[PDB]
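Heads up, coords-v4.cif below (mmCIF, N, CA, C and O atoms):
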```cif
data_protein
#
loop_
_atom_site.label_atom_id
_atom_site.label_comp_id
_atom_site.auth_asym_id
_atom_site.auth_seq_id
_atom_site.Cartn_x
_atom_site.Cartn_y
_atom_site.Cartn_z
N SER A 1 0.80 -1.21 0.00
CA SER A 1 0.00 0.00 0.00
C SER A 1 0.84 1.28 0.00
O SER A 1 0.83 2.03 0.97
N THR A 2 1.56 1.54 -1.09
CA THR A 2 2.35 2.75 -1.19
C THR A 2 1.46 3.93 -1.56
O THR A 2 0.70 3.87 -2.53
N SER A 3 1.55 5.00 -0.78
CA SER A 3 0.84 6.24 -1.07
C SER A 3 1.46 6.93 -2.28
O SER A 3 2.62 6.69 -2.64
N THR A 4 0.69 7.80 -2.92
CA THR A 4 1.16 8.43 -4.15
C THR A 4 2.16 9.54 -3.89
O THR A 4 2.88 9.93 -4.82
N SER A 5 2.23 10.07 -2.67
CA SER A 5 3.28 11.02 -2.33
C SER A 5 4.55 10.33 -1.85
O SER A 5 5.60 10.98 -1.79
N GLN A 6 4.47 9.05 -1.51
CA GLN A 6 5.68 8.30 -1.19
C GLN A 6 6.47 7.96 -2.45
O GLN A 6 7.70 7.90 -2.42
N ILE A 7 5.76 7.72 -3.56
CA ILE A 7 6.42 7.40 -4.83
C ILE A 7 7.18 8.60 -5.36
O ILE A 7 8.24 8.46 -5.97
N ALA A 8 6.70 9.81 -5.07
CA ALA A 8 7.40 11.02 -5.47
C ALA A 8 8.72 11.22 -4.73
O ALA A 8 9.58 11.95 -5.21
N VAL A 9 8.89 10.58 -3.58
CA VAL A 9 10.11 10.73 -2.79
C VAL A 9 11.04 9.54 -2.96
O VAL A 9 12.26 9.71 -3.05
N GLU A 10 10.51 8.33 -3.04
CA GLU A 10 11.34 7.14 -2.98
C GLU A 10 11.64 6.51 -4.33
O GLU A 10 12.58 5.72 -4.42
N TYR A 11 10.89 6.80 -5.33
CA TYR A 11 11.03 5.95 -6.50
C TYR A 11 11.94 6.59 -7.54
O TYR A 11 12.05 7.82 -7.60
N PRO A 12 12.62 5.79 -8.37
CA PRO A 12 13.48 6.37 -9.40
C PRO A 12 12.68 7.08 -10.48
O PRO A 12 11.47 6.88 -10.64
N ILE A 13 13.37 7.92 -11.24
CA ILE A 13 12.75 8.82 -12.20
C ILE A 13 12.86 8.20 -13.59
O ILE A 13 13.96 7.82 -13.99
N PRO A 14 11.76 8.08 -14.33
CA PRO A 14 11.85 7.56 -15.70
C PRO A 14 12.40 8.60 -16.67
O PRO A 14 12.14 9.80 -16.53
N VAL A 15 13.15 8.13 -17.67
CA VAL A 15 13.89 9.03 -18.55
C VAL A 15 13.05 9.73 -19.61
O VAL A 15 13.47 10.76 -20.13
N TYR A 16 11.89 9.18 -19.96
CA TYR A 16 11.27 9.55 -21.23
C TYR A 16 10.58 10.90 -21.21
O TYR A 16 10.24 11.41 -22.28
N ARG A 17 10.37 11.50 -20.05
CA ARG A 17 9.69 12.78 -19.94
C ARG A 17 10.72 13.84 -19.56
O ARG A 17 11.20 13.86 -18.42
N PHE A 18 11.07 14.70 -20.51
CA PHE A 18 12.12 15.68 -20.27
C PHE A 18 11.87 16.93 -21.10
O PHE A 18 11.18 16.89 -22.13
N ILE A 19 12.43 18.05 -20.65
CA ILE A 19 12.33 19.34 -21.33
C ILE A 19 13.74 19.80 -21.67
O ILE A 19 14.60 19.88 -20.79
N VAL A 20 13.96 20.12 -22.94
CA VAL A 20 15.23 20.68 -23.40
C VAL A 20 14.98 22.13 -23.77
O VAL A 20 13.99 22.46 -24.42
N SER A 21 15.89 23.01 -23.34
CA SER A 21 15.73 24.44 -23.56
C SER A 21 17.05 25.01 -24.05
O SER A 21 18.02 25.08 -23.28
N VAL A 22 17.09 25.44 -25.30
CA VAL A 22 18.31 25.88 -25.96
C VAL A 22 18.31 27.41 -25.96
O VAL A 22 17.67 28.04 -26.81
N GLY A 23 19.03 28.00 -25.02
CA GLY A 23 19.07 29.45 -24.94
C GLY A 23 17.77 29.99 -24.37
O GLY A 23 17.29 29.54 -23.32
N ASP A 24 17.18 30.95 -25.08
CA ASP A 24 15.87 31.46 -24.68
C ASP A 24 14.75 30.57 -25.19
O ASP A 24 13.68 30.51 -24.57
N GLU A 25 14.96 29.88 -26.31
CA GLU A 25 13.96 28.98 -26.85
C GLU A 25 13.87 27.71 -26.01
O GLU A 25 14.83 27.31 -25.35
N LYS A 26 12.70 27.08 -26.05
CA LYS A 26 12.56 25.70 -25.64
C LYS A 26 11.97 24.93 -26.81
O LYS A 26 10.98 25.36 -27.41
N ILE A 27 12.61 23.82 -27.17
CA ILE A 27 12.20 23.07 -28.34
C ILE A 27 12.09 21.59 -28.00
O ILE A 27 12.93 21.07 -27.25
N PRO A 28 11.09 20.88 -28.51
CA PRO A 28 10.91 19.47 -28.16
C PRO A 28 11.92 18.59 -28.90
O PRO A 28 12.06 18.68 -30.12
N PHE A 29 12.60 17.74 -28.15
CA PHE A 29 13.62 16.86 -28.71
C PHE A 29 13.22 15.40 -28.51
O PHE A 29 12.51 15.05 -27.57
N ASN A 30 13.68 14.56 -29.43
CA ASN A 30 13.37 13.14 -29.35
C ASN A 30 14.28 12.43 -28.36
O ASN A 30 13.82 11.60 -27.58
N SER A 31 15.57 12.74 -28.38
CA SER A 31 16.50 12.12 -27.45
C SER A 31 17.70 13.03 -27.24
O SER A 31 18.05 13.83 -28.11
N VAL A 32 18.31 12.90 -26.07
CA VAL A 32 19.53 13.62 -25.70
C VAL A 32 20.56 12.58 -25.27
O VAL A 32 20.23 11.65 -24.53
N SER A 33 21.79 12.73 -25.74
CA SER A 33 22.84 11.76 -25.46
C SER A 33 24.13 12.46 -25.05
O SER A 33 24.26 13.67 -25.17
N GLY A 34 25.08 11.67 -24.57
CA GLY A 34 26.35 12.23 -24.13
C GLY A 34 26.21 12.82 -22.74
O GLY A 34 25.72 12.16 -21.81
N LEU A 35 26.70 14.05 -22.59
CA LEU A 35 26.40 14.93 -21.45
C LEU A 35 27.00 14.41 -20.14
O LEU A 35 26.42 14.54 -19.07
N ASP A 36 28.20 13.86 -20.22
CA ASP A 36 28.80 13.28 -19.03
C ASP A 36 30.11 13.98 -18.68
O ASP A 36 30.82 14.49 -19.55
N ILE A 37 30.42 13.99 -17.38
CA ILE A 37 31.69 14.47 -16.87
C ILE A 37 32.75 13.41 -17.13
O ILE A 37 32.43 12.24 -17.31
N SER A 38 34.02 13.83 -17.22
CA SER A 38 35.14 12.91 -17.35
C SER A 38 36.42 13.61 -16.90
O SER A 38 36.51 14.84 -16.95
N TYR A 39 37.39 12.82 -16.46
CA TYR A 39 38.67 13.36 -16.01
C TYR A 39 39.79 12.43 -16.43
O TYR A 39 39.67 11.21 -16.30
N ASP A 40 40.87 13.01 -16.94
CA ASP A 40 42.11 12.26 -17.09
C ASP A 40 42.70 12.01 -15.71
O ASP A 40 42.43 12.73 -14.75
N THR A 41 43.51 10.96 -15.60
CA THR A 41 44.15 10.61 -14.35
C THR A 41 45.65 10.76 -14.48
O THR A 41 46.24 10.29 -15.46
N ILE A 42 46.26 11.40 -13.50
CA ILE A 42 47.70 11.59 -13.46
C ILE A 42 48.27 10.60 -12.45
O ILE A 42 47.78 10.52 -11.32
N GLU A 43 49.29 9.86 -12.85
CA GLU A 43 49.88 8.82 -12.01
C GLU A 43 51.37 9.08 -11.85
O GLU A 43 52.12 9.07 -12.83
N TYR A 44 51.80 9.32 -10.61
CA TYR A 44 53.21 9.39 -10.25
C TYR A 44 53.59 8.12 -9.53
O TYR A 44 52.80 7.59 -8.74
N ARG A 45 54.80 7.66 -9.76
CA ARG A 45 55.27 6.40 -9.23
C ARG A 45 56.78 6.53 -9.06
O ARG A 45 57.48 6.78 -10.04
N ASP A 46 57.27 6.40 -7.84
CA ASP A 46 58.70 6.50 -7.63
C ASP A 46 59.26 5.18 -7.10
O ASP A 46 58.54 4.19 -6.97
N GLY A 47 60.56 5.18 -6.81
CA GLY A 47 61.27 3.94 -6.62
C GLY A 47 61.05 3.26 -5.29
O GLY A 47 61.26 2.05 -5.18
N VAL A 48 60.63 4.00 -4.27
CA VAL A 48 60.45 3.37 -2.97
C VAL A 48 59.14 2.61 -2.88
O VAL A 48 58.95 1.81 -1.95
N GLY A 49 58.22 2.81 -3.82
CA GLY A 49 57.06 1.95 -3.90
C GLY A 49 55.71 2.65 -3.88
O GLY A 49 54.71 2.05 -4.29
N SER B 1 -44.21 -5.68 -43.63
CA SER B 1 -44.53 -5.57 -45.05
C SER B 1 -43.49 -4.79 -45.85
O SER B 1 -43.78 -3.71 -46.35
N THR B 2 -42.29 -5.34 -45.98
CA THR B 2 -41.25 -4.68 -46.77
C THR B 2 -41.48 -4.93 -48.25
O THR B 2 -41.64 -6.08 -48.68
N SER B 3 -41.50 -3.86 -49.03
CA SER B 3 -41.59 -3.96 -50.48
C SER B 3 -40.29 -4.49 -51.06
O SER B 3 -39.23 -4.42 -50.44
N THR B 4 -40.38 -5.04 -52.27
CA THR B 4 -39.20 -5.67 -52.87
C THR B 4 -38.20 -4.67 -53.41
O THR B 4 -37.04 -5.03 -53.63
N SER B 5 -38.60 -3.42 -53.63
CA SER B 5 -37.65 -2.38 -53.99
C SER B 5 -37.03 -1.71 -52.78
O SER B 5 -36.02 -1.02 -52.92
N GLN B 6 -37.62 -1.91 -51.59
CA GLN B 6 -36.99 -1.42 -50.37
C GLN B 6 -35.81 -2.30 -49.97
O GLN B 6 -34.82 -1.81 -49.41
N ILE B 7 -35.90 -3.60 -50.25
CA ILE B 7 -34.82 -4.53 -49.92
C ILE B 7 -33.60 -4.26 -50.79
O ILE B 7 -32.46 -4.41 -50.33
N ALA B 8 -33.80 -3.78 -52.02
CA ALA B 8 -32.69 -3.42 -52.89
C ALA B 8 -31.93 -2.20 -52.39
O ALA B 8 -30.77 -2.01 -52.78
N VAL B 9 -32.53 -1.38 -51.54
CA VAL B 9 -31.88 -0.17 -51.04
C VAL B 9 -31.35 -0.37 -49.62
O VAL B 9 -30.26 0.10 -49.29
N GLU B 10 -32.09 -1.07 -48.77
CA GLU B 10 -31.75 -1.11 -47.35
C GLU B 10 -31.01 -2.36 -46.91
O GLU B 10 -30.41 -2.34 -45.84
N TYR B 11 -31.05 -3.40 -47.66
CA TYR B 11 -30.59 -4.64 -47.05
C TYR B 11 -29.14 -4.93 -47.44
O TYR B 11 -28.69 -4.51 -48.51
N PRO B 12 -28.39 -5.65 -46.60
CA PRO B 12 -27.01 -5.99 -46.95
C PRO B 12 -26.94 -6.97 -48.11
O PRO B 12 -27.91 -7.65 -48.45
N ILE B 13 -25.77 -7.04 -48.71
CA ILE B 13 -25.55 -7.79 -49.95
C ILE B 13 -24.95 -9.14 -49.60
O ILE B 13 -23.94 -9.18 -48.88
N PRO B 14 -25.51 -10.25 -50.07
CA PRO B 14 -24.90 -11.56 -49.82
C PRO B 14 -23.68 -11.79 -50.70
O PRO B 14 -23.64 -11.36 -51.85
N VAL B 15 -22.70 -12.51 -50.16
CA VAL B 15 -21.40 -12.65 -50.82
C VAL B 15 -21.38 -13.64 -51.98
O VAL B 15 -20.48 -13.55 -52.82
N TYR B 16 -22.31 -14.59 -52.02
CA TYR B 16 -22.08 -15.78 -52.83
C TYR B 16 -22.29 -15.56 -54.32
O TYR B 16 -21.90 -16.42 -55.11
N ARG B 17 -22.88 -14.45 -54.73
CA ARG B 17 -23.13 -14.18 -56.14
C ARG B 17 -22.19 -13.07 -56.59
O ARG B 17 -22.36 -11.91 -56.21
N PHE B 18 -21.19 -13.43 -57.40
CA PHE B 18 -20.18 -12.48 -57.81
C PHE B 18 -19.63 -12.85 -59.18
O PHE B 18 -19.70 -14.00 -59.60
N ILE B 19 -19.09 -11.84 -59.87
CA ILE B 19 -18.48 -12.01 -61.18
C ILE B 19 -17.02 -11.58 -61.09
O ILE B 19 -16.73 -10.46 -60.65
N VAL B 20 -16.12 -12.45 -61.51
CA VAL B 20 -14.69 -12.16 -61.58
C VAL B 20 -14.31 -12.05 -63.04
O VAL B 20 -14.72 -12.88 -63.86
N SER B 21 -13.54 -11.02 -63.38
CA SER B 21 -13.16 -10.77 -64.77
C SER B 21 -11.68 -10.46 -64.83
O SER B 21 -11.25 -9.40 -64.36
N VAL B 22 -10.91 -11.36 -65.42
CA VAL B 22 -9.45 -11.28 -65.44
C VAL B 22 -9.04 -10.75 -66.81
O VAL B 22 -8.96 -11.49 -67.79
N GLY B 23 -8.75 -9.45 -66.88
CA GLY B 23 -8.36 -8.86 -68.14
C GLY B 23 -9.56 -8.71 -69.05
O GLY B 23 -10.60 -8.16 -68.66
N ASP B 24 -9.43 -9.20 -70.28
CA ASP B 24 -10.57 -9.20 -71.20
C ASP B 24 -11.48 -10.39 -70.95
O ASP B 24 -12.69 -10.30 -71.22
N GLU B 25 -10.94 -11.49 -70.45
CA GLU B 25 -11.74 -12.66 -70.15
C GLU B 25 -12.58 -12.43 -68.90
O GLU B 25 -12.23 -11.64 -68.03
N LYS B 26 -13.70 -13.14 -68.82
CA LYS B 26 -14.41 -13.34 -67.56
C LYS B 26 -14.52 -14.84 -67.33
O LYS B 26 -14.92 -15.59 -68.22
N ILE B 27 -14.11 -15.28 -66.14
CA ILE B 27 -14.08 -16.71 -65.84
C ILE B 27 -14.74 -16.97 -64.50
O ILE B 27 -14.57 -16.19 -63.56
N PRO B 28 -15.51 -18.05 -64.37
CA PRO B 28 -16.21 -18.32 -63.11
C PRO B 28 -15.26 -18.86 -62.05
O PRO B 28 -14.51 -19.81 -62.29
N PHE B 29 -15.30 -18.25 -60.87
CA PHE B 29 -14.43 -18.63 -59.77
C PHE B 29 -15.25 -19.14 -58.60
O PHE B 29 -16.40 -18.73 -58.40
N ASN B 30 -14.65 -20.03 -57.82
CA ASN B 30 -15.33 -20.59 -56.66
C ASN B 30 -15.27 -19.63 -55.48
O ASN B 30 -16.27 -19.44 -54.78
N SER B 31 -14.11 -19.03 -55.23
CA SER B 31 -13.98 -18.09 -54.13
C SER B 31 -12.85 -17.12 -54.42
O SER B 31 -11.91 -17.44 -55.15
N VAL B 32 -12.96 -15.93 -53.84
CA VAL B 32 -11.95 -14.88 -53.92
C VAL B 32 -11.60 -14.48 -52.50
O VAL B 32 -12.49 -14.30 -51.66
N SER B 33 -10.31 -14.33 -52.21
CA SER B 33 -9.86 -14.02 -50.86
C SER B 33 -8.81 -12.92 -50.89
O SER B 33 -8.30 -12.54 -51.94
N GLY B 34 -8.47 -12.42 -49.71
CA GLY B 34 -7.50 -11.34 -49.62
C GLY B 34 -8.14 -10.01 -49.95
O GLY B 34 -9.18 -9.65 -49.38
N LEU B 35 -7.47 -9.25 -50.82
CA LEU B 35 -8.04 -8.10 -51.53
C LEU B 35 -8.34 -6.93 -50.58
O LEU B 35 -9.32 -6.21 -50.74
N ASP B 36 -7.47 -6.72 -49.61
CA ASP B 36 -7.72 -5.68 -48.63
C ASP B 36 -6.63 -4.62 -48.66
O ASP B 36 -5.47 -4.89 -48.99
N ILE B 37 -7.02 -3.39 -48.31
CA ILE B 37 -6.09 -2.28 -48.13
C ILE B 37 -5.37 -2.45 -46.80
O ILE B 37 -5.87 -3.15 -45.92
N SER B 38 -4.17 -1.88 -46.67
CA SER B 38 -3.44 -1.87 -45.42
C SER B 38 -2.42 -0.74 -45.45
O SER B 38 -1.98 -0.31 -46.51
N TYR B 39 -2.05 -0.26 -44.26
CA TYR B 39 -1.08 0.81 -44.14
C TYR B 39 -0.20 0.58 -42.93
O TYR B 39 -0.70 0.22 -41.86
N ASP B 40 1.10 0.77 -43.10
CA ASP B 40 1.99 0.88 -41.95
C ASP B 40 1.73 2.19 -41.23
O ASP B 40 1.22 3.15 -41.81
N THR B 41 2.05 2.23 -39.95
CA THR B 41 1.85 3.43 -39.15
C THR B 41 3.20 3.96 -38.69
O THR B 41 4.04 3.19 -38.21
N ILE B 42 3.39 5.26 -38.84
CA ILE B 42 4.61 5.93 -38.41
C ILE B 42 4.30 6.66 -37.12
O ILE B 42 3.32 7.40 -37.03
N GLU B 43 5.14 6.46 -36.11
CA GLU B 43 4.92 7.05 -34.79
C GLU B 43 6.14 7.87 -34.38
O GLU B 43 7.24 7.32 -34.24
N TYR B 44 5.94 9.17 -34.20
CA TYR B 44 6.94 10.06 -33.62
C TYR B 44 6.55 10.37 -32.20
O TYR B 44 5.36 10.54 -31.90
N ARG B 45 7.54 10.50 -31.34
CA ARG B 45 7.32 10.70 -29.92
C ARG B 45 8.50 11.47 -29.39
O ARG B 45 9.64 11.01 -29.51
N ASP B 46 8.27 12.66 -28.85
CA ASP B 46 9.37 13.44 -28.32
C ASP B 46 9.20 13.64 -26.82
O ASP B 46 8.27 13.12 -26.20
N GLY B 47 10.13 14.41 -26.24
CA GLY B 47 10.28 14.41 -24.80
C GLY B 47 9.25 15.21 -24.04
O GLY B 47 9.04 14.96 -22.85
N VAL B 48 8.60 16.17 -24.69
CA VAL B 48 7.63 16.99 -23.96
C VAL B 48 6.30 16.27 -23.80
O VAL B 48 5.47 16.72 -23.00
N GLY B 49 6.07 15.18 -24.52
CA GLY B 49 4.91 14.36 -24.25
C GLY B 49 3.99 14.09 -25.41
O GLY B 49 3.21 13.13 -25.36
#
```
Show me, as structure tokens, the structure contained in the file I just sent.
Amino acid sequence: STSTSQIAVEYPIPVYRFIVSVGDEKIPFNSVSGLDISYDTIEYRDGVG
Amino acid sequence: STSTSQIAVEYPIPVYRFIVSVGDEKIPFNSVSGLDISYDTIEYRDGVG
């Protein structure tokens, strides 16, 4: 017996309903991809271990 | 008391009496099947709903 306000707090969000807004315009899009953070890694390693 | 000219206007048509004509020839056939229209459906769906 989950209440309908409990689902708004506990449940994951489905992807298919989204708003894309390009600048001042907002335009309906079929899909959005990419959009991820990434970092190169720097590795130092010396002789003592 | 339906008149016989009212049946020609209001009543449905029975299937069993038909004429098939292939090109210039007309030839008697036992049954005809298929012969229907059909269309694929194209569905677009974007993010605003």
I need the output of the PyMOL selection byres ((chain A) within 4.5 of (chain B)) for this file as a VMD selection string; which residues are they? chain A and resid 16 to 18 29 to 30
Just list as a list in words whatever in chain B DSSP marks as alpha helix (DSSP H). residues 4, 5, 6, 7, 8, 9 and 10 of chain B
Residues within 9 Å of (19.6, 18.5, -23.7), file coordinates, counting only C-alpha atoms: what are they? Give the list as a ChimeraX atom specification. /A:18-22,29,31-33,35
Separation of CA of residue 13 in chain B and CA of residue 27 in chain B, in Å?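 Going from CA of residue 13 in chain B over to CA of residue 27 in chain B covers 21.5 Å.
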Which value, in Å to one decimal, gives the distance between CA of residue 43 in chain B and CA of residue 26 in chain A? 22.1 Å
